[PDB]
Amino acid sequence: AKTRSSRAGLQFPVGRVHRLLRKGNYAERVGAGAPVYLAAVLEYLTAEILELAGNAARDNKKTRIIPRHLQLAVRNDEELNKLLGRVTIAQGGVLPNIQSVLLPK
């Protein structure tokens, strides 16, 4: 039997997602495409960030992603920074940044 996920060509569980859509009433009914498309976006978004993070780690000669990395990947990316502009990543610190005038001469 072909899990809808494979039928859809995804790694994220389409079954889980359609399921959650239900036990969390967002609407009366839920079309079979709905979860497919959603798990799709979810998978895309997470890949996008893991990419950026993976690299973060690489730059810090680290081979395991930690929070900071996730923080870096997010704040350095104009578009993911606005998507999480109100989200706070525990243990992520802040981007090194010192205002001009403060520097010595």
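Sequential numbering from 1, following the sequence displayed.
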Fill in the blank from the handout: Taking the deposited Cα B-factors and averaging over 27-35 and over 51-59, the higher mean is found in 27-35
Practice task
Give the stretch, out of 10-18 and 87-95, with the larger mean C-alpha temperature factor in the deposited entry.
Solution key: 10-18
Fill in the blank from the handout: Binned into thirds over the chain's modelled residues, the C-alpha B-factor of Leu72 lands in the middle
Practice task
Pull the Cα B-factor of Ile65 out of the PDB entry and bin it into the chain's lowest, middle or highest third.
Solution key: highest
